[PDB]
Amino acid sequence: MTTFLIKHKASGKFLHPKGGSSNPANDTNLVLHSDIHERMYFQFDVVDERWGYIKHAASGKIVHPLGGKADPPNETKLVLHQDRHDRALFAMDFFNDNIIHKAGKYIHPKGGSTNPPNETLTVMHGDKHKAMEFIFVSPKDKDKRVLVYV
């Protein structure tokens, strides 16, 4: 209904909390993995027009740049954390197919590969290219895009 999968467009892998738990601890890395299950479902909670929080559905933790700085440098790891604040604001660009942080960098697989192996970490990086594209799909139809602004 409000849940979606975050699919890495080039590989078909998905974003997961590292370890696949329903209850990841604060500062758990966000990784890529091929598996599908309810513990990799996400929601998006709108805060201000396009900006909002990317939320792990099972735990309520949201996506942060590790350390929570307003303008994180390239290669800053993405983690899950319960805190809510303006440095965890992202927009879900379903027209250009990417996820952009409030300060202008994007979510990437670490290393920028179109075919990242399972457990690859995700990081912030300012470049735009095929390997940083993501689409947002229905849990019950992994090829059907869904509106995350809901």
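Throughout, we count residues from 1 along the sequence that is shown.
Engineer: Hey, which bit's got the bigger mean C-alpha B factor in the entry, 121-129 or 66-74?
Structural biologist: According to the entry, 66-74 carries the higher average C-alpha B-factor.
Engineer: Mean C-alpha B-factor higher for 51-59, or for 24-32?
Structural biologist: The deposited B-factors put 24-32 ahead on the C-alpha mean.
Engineer: Among 87, 81, 37, 105, which residue carries the highest C-alpha B-factor recorded in the PDB entry?
Structural biologist: The listed residue with the largest C-alpha B-factor is 87.
Engineer: Is the Cα B-factor recorded for residue 96 in the lowest, middle or highest third of its chain?
Structural biologist: Residue 96: CA B-factor falls in the middle third of its chain.
Engineer: For the chain shown, is the CA B-factor of residue 7 in the lowest, middle or highest third of its modelled residues?
Structural biologist: For residue 7, the deposited C-alpha B-factor lands in the lowest third.
Engineer: Comparing residue 13 with the other modelled residues of its chain, is its CA B-factor in the lowest, middle or highest third?
Structural biologist: Middle third of the chain for residue 13's C-alpha B-factor.
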